[PDB]
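Along the sequence shown, residues are numbered consecutively beginning with 1. Indexing begins at 1, ligand by ligand and atom by atom, following the structure's order.
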Amino acid sequence: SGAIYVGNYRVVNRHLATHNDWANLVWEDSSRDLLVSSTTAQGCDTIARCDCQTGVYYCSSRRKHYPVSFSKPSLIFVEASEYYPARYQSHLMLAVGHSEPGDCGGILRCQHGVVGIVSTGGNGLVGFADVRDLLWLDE
Ligand SMILES: NC(=O)[C@H]1CCCN(C(=O)Cc2cc3c(cc2Br)OCO3)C1
Ligand SMILES: [Zn+2]
């Protein structure tokens, strides 16, 4: 679990969005596993606007942060799960690192701010949904 709170927006994994997220929907994209909903309180986070490929993410299954080198946002095949059919997920960045079910929502940050959130995982792999292109989160 986990969310980014920026301005009057909350960014979550689309597959973990609550009834309240859908009732306050701003934007969602099943191909990116992202959903953004509106909030009344002002957020705590700031978003990176950069091309970093290294950073640090939070891994809830280890209660720890780990450094990572990750690929640029791209279209990557993701196997079927209870949440989605087998499909290509866009704007996904892969890295070598620990991940297990329950780790989605963990934040990836670089020196400039929040880069994205954990969205997928494999055997020694972790995938992050990028949010750096969503320029409207800031205004
Ligand atoms: N973005 C999606 O399509 C995700 C929907 C929820 C399911 N999903 C995953 O990847 C789950 C997952 C599977 C794992 C793992 C870590 C994670 Br996270 O390590 C070993 O096998 C895919
Ligand atoms: Zn950066």
Please produce the table of protein N or O atoms sitting under 3.5 Å from N or O atoms belonging to ligand 1, one pair a line, distance to 0.1 Å.
| from | atom 1 | to | atom 2 | distance (Å) |
| --- | --- | --- | --- | --- |
| ligand 1 | 1 (N) | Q89 | OE1 | 2.9 |
| ligand 1 | 1 (N) | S119 | O | 3.0 |
| ligand 1 | 1 (N) | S119 | OG | 3.1 |
| ligand 1 | 3 (O) | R87 | NH1 | 3.0 |
| ligand 1 | 10 (O) | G121 | N | 3.1 |
| ligand 1 | 19 (O) | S99 | O | 3.2 |
| ligand 1 | 19 (O) | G122 | O | 3.4 |

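Residues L35 and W22 have side chains in contact (heavy-atom distance under 4.5 Å, counting atoms from C-beta outward). Residues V118 and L108 have side chains not in contact (no heavy-atom distance under 4.5 Å, counting atoms from C-beta outward). The side-chain heavy atoms of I107 and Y58, taken from C-beta on, include no pair separated by under 4.5 Å. Counting heavy atoms from C-beta outward, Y9 and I47 have side chains that stay 4.5 Å or more apart.
Within the model, atoms CD of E100 and OG of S61 stand 3.5 Å from one another, a figure rounded to the nearest 0.5 Å.
The Zn ion (ligand 2) has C50 SG, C52 SG, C110 SG, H112 ND1 as protein N, O or S atoms under 2.8 Å away.
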Show me, pair by pair, the donor-acceptor contacts under 3.5 angstrom made by side chains of residues 64-78, not counting sequence neighbours?
| from | atom 1 | to | atom 2 | distance (Å) |
| --- | --- | --- | --- | --- |
| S71 | OG | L94 | N | 3.0 |

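Partners of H15 according to the ring pair (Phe, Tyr, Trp, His ring centres under 6.0 Å) rule, which considers only residues two or more places apart in sequence or in another chain, are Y83.
Remark: the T120 side chain and the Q89 side chain contain no N/O donor-acceptor pair separated by less than 3.5 Å.
The pair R109-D45 meets the salt-bridge criterion, since a charged nitrogen lies less than 4.0 angstrom from a carboxylate oxygen.
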